[PDB]
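Take a look at this one chain, the form deposited in one PDB entry, written out in structure tokens.
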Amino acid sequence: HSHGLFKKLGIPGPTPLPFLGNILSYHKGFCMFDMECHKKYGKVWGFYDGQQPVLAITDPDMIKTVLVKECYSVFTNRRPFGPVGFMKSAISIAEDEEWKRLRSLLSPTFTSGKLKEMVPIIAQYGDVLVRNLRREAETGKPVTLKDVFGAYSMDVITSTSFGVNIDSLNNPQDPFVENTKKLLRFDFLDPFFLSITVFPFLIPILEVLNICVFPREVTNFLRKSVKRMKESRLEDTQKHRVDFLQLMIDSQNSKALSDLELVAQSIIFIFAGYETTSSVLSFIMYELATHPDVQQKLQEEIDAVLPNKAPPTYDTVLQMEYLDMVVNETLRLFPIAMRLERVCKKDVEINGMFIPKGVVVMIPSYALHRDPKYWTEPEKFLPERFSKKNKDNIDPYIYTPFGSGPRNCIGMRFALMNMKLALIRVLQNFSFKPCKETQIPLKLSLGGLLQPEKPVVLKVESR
């Protein structure tokens, strides 16, 4: 029984139960579990996900070692998370040289030049969003911001990546949004995902049964969508710009990117660009609404840089320090990650401490983001933390909302800009106010993914 390993290495931790490990402790959300474990254990601890030994680490240097120094040699892959099917070839799930080949190929997608060619493309979509909101602005009833941001983010990602205008904004009952949000119902009171975290030995078996954590009732829709919208649809080059679709087409003809492998990456992009982007935007608006001085101070920058509702540009976006601070701050309090993780591929002693092969190393981002060692009054939302005159007191290995090292978020620059353009255009025309149903203080979901327990509703007013 691999359960005696952490006591056998002198590493502290909560007592494992047979078979379950410590999974019962996720009863109050694992973020809480992490915070407790930090308070009580220190720099370093160990616990079990079923039989799977995880090792939490909090030392900055040790974190840098793992994420950056030894990524290529030792800590190269994340943990396998369940029965995955064809999606084994998605970049974020892919391991070692198959991942590195995919990384190398998709790296060029998000260069400042490729990015600045999206500035005008999104610009046209920000106009549609503005208009959508003005419609509810005129009505004056609570908005579920994920709905409006969702379709926005979907329209943005679909056009930037493939060239296709699916027009999600002008479509409430939209198949592309409706299918994509059903993709991961991750939940521990959901008897399925619990059981593969506990019992991952059933994984090999479910693969052979073509069972995915992804409803095939989704992946088939997305498979058919991308199927010939790559093929007979994009043909005569025609208006062909910077689209990752082509970058995967262009590097198929004259190494070698398969067809199902192509669909697989697209799904990663569609999901990231929809769910992640829209969740964060919803989190910032909640903060800006529960903090009006912050919302105003921002609206002032927005007009100070773009004189009286002027159209945003690449260079214009980067200039705005306070807008970057507001985004960074929300991401401090609401990390979509909530844990960074790497599988130990061979044996190592990192900075005077030994990790055996097969162990999962886990950085508890959520916890470290709220640690009194690094953060003054870490509970409070304080954008001023990220000002030019305070960001040196910030440790680059305690604050990583995008991960770090060679496996960090490939989408960082895209999402930052995409989110900011959305914000600018929105605050440039509207102000946001608390509602009667607005969950204050907002509690997070007890289960898996970082989401509100109650969906975010707020009042919208034009200026």
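Residue positions are given as counts along the sequence shown, with the first one as 1. In this text, the rigid core denotes the largest set of C-alpha atoms whose superposition between the two forms falls within 1.5 Å.
- Compared with the other entries of this protein, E178 is consistently built, present in every one of those that build its neighbours rather than absent from a third.
- For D236, the record comparison shows coordinates absent in at least a third of the other entries of this protein that model its neighbours.
- Per the record, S254 and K255 are separated by 4 to 9 deposited residues that have no coordinates.
- Stretches 431 to 439 and 41 to 49 differ in mean C-alpha B factor, with the higher average recorded for 431 to 439.
- Annotation for 72 to 80 versus 226 to 234: the higher mean temperature factor (C-alpha) is found in 226 to 234.
- The PDB entry gives the largest Cα B-factor of the residues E217, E329, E341, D371 to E217.
- In the deposited coordinates, the residue among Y286, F381, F269, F221 with the greatest CA B-factor is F221.
- Per the PDB record, residue ranking by Cα B-factor puts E349 in the middle third of the chain.
- Among the modelled residues of the chain, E95 sits in the lowest third by CA temperature factor in this PDB entry.
- Among the modelled residues of its chain, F110 has a C-alpha B-factor that falls in the middle third according to the deposited record.
- The deposited CA B-factor of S279 belongs to the lowest third of values across its chain.
- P200: CA B factor lies in the middle third for its chain, per the PDB record.
Here the subject shifts to the form deposited in another entry, a form of this protein not shown in this document.
- Just one of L222, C71, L102, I93 moves its Cα by 2 Å or more between the shown form and the other one on a rigid core overlay, and this residue is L222.
- Put the two forms on the same core and the Cα of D371 is off by less than 2 Å between the shown form and the other one.
- Superposed on the core, the two forms barely differ at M320: its CA moves less than 2 Å between the shown form and the other one.
- Superposed on the core, the two forms barely differ at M362: its CA moves less than 2 Å between the shown form and the other one.
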